[PDB]
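Everything on this sheet refers to the single structure shown next.
Residue numbers (PDB author numbering), protein chains in the order written: chain E, 1 to 114; chain B, 1 to 114.
Structure below.
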């Protein structure tokens, strides 16, 4: 789950066909859980501050249920997409926080998705 | 370079052909720079301690030249390979340290490799 999620988020960023996998299709369904307006707001802030700061702030939100986790994956995915591949983001820092929150839900997320 | 290296190390760990890229061939040539005996020693220690601790210790070594960086990538790659896919390693923590040391060499590593 850790690997798959890293691979998926990175893929959402650059859209490199050479790194696409069909397991991404299921994870892509989680996008409906996140409003595009929230993503736009987040991107605007990231650009305003020239940092992943606003993304890390969103990732530092509490995760109390699997739906909360699904949303964090989706927000990471849509931000990754919308920010653009040129964006010099230290992705491992975002993954550190994302997984710090969602790690426990990995077993259930895997069942829920596949 | 950050993305490519994340993708390469993760690929070395699971050997999933669906995540392979031709750019990995060049990075695989760096393996000659690292002795297999050092890797064996490191793996033995990781297993002894049930942690990535010994890997993180190796990654915390100083990087004074591009060859030092090339070796850190190679040690990360061979450890990733030899440890096995089942290994519950928080890869992002290893990437945090690896990139903390090698980040500056990214531009030169890219030229040197491609």
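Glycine included, every Cβ here is placed at the ideal spot set by N, Cα and C.
Practice problem: For the region 26 to 39 of chain B and the region 67 to 83 of chain B, state whether three or more C-beta atom pairs, one from each stretch, are separated by less than 8 Å. | Solution: Touching, yes, given that three or more Cβ pairs across the two stretches are closer than 8 Å.
Quiz item: Taking the Cβ atom as the reference point for each residue, do residue 98(B) and residue 27(B) lie within a distance shorter than 8 Å?
Solution: Here residue 98(B) refers to the residue found at position 98 of the second chain. Here residue 27(B) refers to the residue found at position 27 of the second chain. Not a contact, by the Cβ cut-off of 8 Å.
Quiz prompt | C-beta atoms of residue 70(B) and residue 39(B) nearer than 8 Å | solution = As a first step, residue 70(B) is located in the second chain; it is residue number 70 there, counting from the start. As a first step, residue 39(B) is located in the second chain; it is residue number 39 there, counting from the start. Not closer than 8 Å, so no.
Quiz item: When you compare only the Cα positions, how much space is there between residue 47(B) and residue 35(E)?
Solution: The count along the second chain starts at 1 and reaches residue 47(B) at position 47. The count along the first chain starts at 1 and reaches residue 35(E) at position 35. Going from the Cα of residue 47(B) to the Cα of residue 35(E) covers about 44 Å.
Quiz item: Quick one, are the C-beta atoms of residue 12(E) and residue 21(E) less than 8 Å apart?
Solution: Here residue 12(E) corresponds to residue number 12 of the first chain, with the count starting at 1. Here residue 21(E) corresponds to residue number 21 of the first chain, with the count starting at 1. Against a cut-off of 8 Å, the Cβ pair of residue 21(E) and residue 12(E) comes out as no contact.
Quiz prompt | Selected residue, minimal CA-CA separation from residue 59(B), among 90(B), 10(B), 84(B), 100(B) | solution = Translated into positions along the second chain, residue 59(B) becomes position 59. Taking only the C-alpha atoms, the option nearest residue 59(B) is 100(B).
Exercise. Report the rounded CA-to-CA distance for residue 52(B) versus residue 89(B), giving the unit in angstroms.
Key: Along the second chain, read from residue 1 onward, the residue named residue 52(B) stands at position 52. Along the second chain, read from residue 1 onward, the residue named residue 89(B) stands at position 89. As the crow flies, the alpha-carbon of residue 52(B) is around 6 Å from that of residue 89(B).
Exercise. Could you spell out the range, first to last residue, of the alpha helix (DSSP H) harbouring residue 27(B)?
Key: Walking along the second chain from the start, residue 27(B) turns up at place 27. That run of the alpha helix (DSSP H) goes 24 to 28.
Exercise. Taking only beta carbons into account, state which residues of the region 10 to 26 of chain B come closer than 9 Å to chain E, listed in chain order.
Key: 10, 13, 14, 16, 18, 19, 20, 21, 22, 23
Quiz item: With 16 other CB atoms within 10 Å as the buried threshold, where does residue 61(B) fall?
Solution: Along the second chain, read from residue 1 onward, the residue named residue 61(B) stands at position 61. Under this definition residue 61(B) is an exposed residue.
Quiz item: Just how far apart, CA to CA, sit residue 68(B) and residue 2(E)?
Solution: As a first step, residue 68(B) is located in the second chain; it is residue number 68 there, counting from the start. As a first step, residue 2(E) is located in the first chain; it is residue number 2 there, counting from the start. So the two alpha carbons sit approximately 28 Å from each other.
Quiz item: Taking the alpha helix (DSSP H) that residue 97(E) falls in, what are its first and last residues?
Solution: Translated into positions along the first chain, residue 97(E) becomes position 97. Taken as a continuous stretch (DSSP letters only), the alpha helix (DSSP H) holding residue 97(E) covers 91 to 102.
Exercise. Indicate the three-state DSSP secondary structure (helix, strand or coil) for residue 105(B) in the structure shown.
Key: As a position in the second chain, residue 105(B) is number 105, starting the count at 1. Helix, per DSSP.
Quiz item: If the cut is a Cβ gap below 8 Å, which residues of chain E does residue 104(B) touch?
Solution: In the second chain, residue 104(B) corresponds to position 104, counting from 1. Per Cβ cutoff of 8 Å: no residues; residue 104(B) is ~13 Å from chain E at best.
Quiz item: In its own chain, which residues sit with a C-beta less than 7 Å from the C-beta of residue 4(E), not counting the 5 before and 5 after it?
Solution: Counted from its first residue, the first chain places residue 4(E) at position 4. Once the five neighbours on either side are set aside, the close Cβ partners of residue 4(E) are 23.
Practice problem: List the residues of chain B that residue 6(E) touches, going by C-beta distances under 8 Å, in chain order. | Solution: Counted from its first residue, the first chain places residue 6(E) at position 6. Chain B residues near residue 6(E): 6, 10, 91, 92.
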